[PDB]
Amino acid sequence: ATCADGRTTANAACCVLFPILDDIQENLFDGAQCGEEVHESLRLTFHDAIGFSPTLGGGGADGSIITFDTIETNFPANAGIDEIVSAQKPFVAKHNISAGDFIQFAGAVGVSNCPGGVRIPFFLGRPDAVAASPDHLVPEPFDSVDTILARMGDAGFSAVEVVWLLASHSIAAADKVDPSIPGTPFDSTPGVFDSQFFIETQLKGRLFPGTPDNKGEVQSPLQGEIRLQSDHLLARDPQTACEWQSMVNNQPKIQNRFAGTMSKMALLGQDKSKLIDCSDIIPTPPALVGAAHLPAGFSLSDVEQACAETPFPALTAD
């Protein structure tokens, strides 16, 4: 189909998204960059969607975190989500899209700005949310592997899918874990969707980048990077370590698995058969820049190998 402005899409119902795309690329993502607001919007997709429990309730990827912001933005795990919720709200108000659709659309558009990134499948038509998420459904960095895997499993994700989703931490920073060093990334390339996160989390810790006693934080290998306890554990625990290492220098796998698992996440609480496929509105991401490496000065002996079956691959240092 051909939209009013000449841009094309497989389904004409998707044409409504083109002005939304343009508006967010300029006014949410600073001119289509893979920066702060992309990182925050990607986190928001998860905090919206993971509010889904057969036992406890919540409608998943339903926009509840916006619609019921007064409740959800006060949950402790939603610390520091409230800025991006406030930023997204006016776009929802001005564009006649449900909040659930908008959150997933913005997340997919944002990821597509990141070199190495993917075009996450995007479906249009989620109804407005009808309940707030319960509290305590978002994993915390001080939660154990067993707790995290049980929570994610409750929502429908296998252990390997949790690892795949954590490729998000390749384009990510922390503002609240250590509030003395806001904006500190989880890998050395927070503007590049790459395997550096899976490499750098496997390194021996060396230092605390800010203060030395924050809940849910462990030592980082690098000044200017922060390491979550949860990521530290997931990289090393026997239940997940082999899958974690399999992501290292495996860009095609990171791409394929992140896109597919994000689509699953974006559809929690929804039925794809009642939605319209608008995947081709999402921009084409740039190719990866750079290549998997150890940080400058590091060597393979700095890697804490945790997969008994398969040795860590022989990366070189910058």
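All residue numbers are counted from 1 along the displayed sequence. Only the largest set of C-alpha atoms that superpose within 1.5 Å between the two forms is called the rigid core.
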{"property": "Between 309-317 and 2-10, the one whose CA atoms sit farther away in 6 other deposited structures of this protein (rigid core aligned)", "result": "2-10"}
{"property": "Mean C-alpha B-factor comparison - 88-96 and 189-197, higher one", "result": "88-96"}
{"property": "284-292 set against 258-266, stretch whose average Cα temperature factor tops the other in the entry", "result": "284-292"}
{"property": "Residue selected from 39, 253, 272, 47 by maximal Cα B factor", "result": "272"}
{"property": "Candidate residues 179, 221, 134, 139, the one whose C-alpha B factor the record puts highest", "result": "179"}
{"property": "Ranked C-alpha temperature factor of residue 55 among modelled chain residues, by third", "result": "highest"}
{"property": "Chain-wide C-alpha B factor ranking for residue 120, given as lowest, middle or highest third", "result": "middle"}
{"property": "Chain-relative CA temperature factor third for residue 202", "result": "middle"}
{"property": "For residue 153, the third of its chain into which the C-alpha B factor falls", "result": "middle"}
{"property": "Modelled-residue ranking by C-alpha temperature factor, third containing residue 249", "result": "middle"}
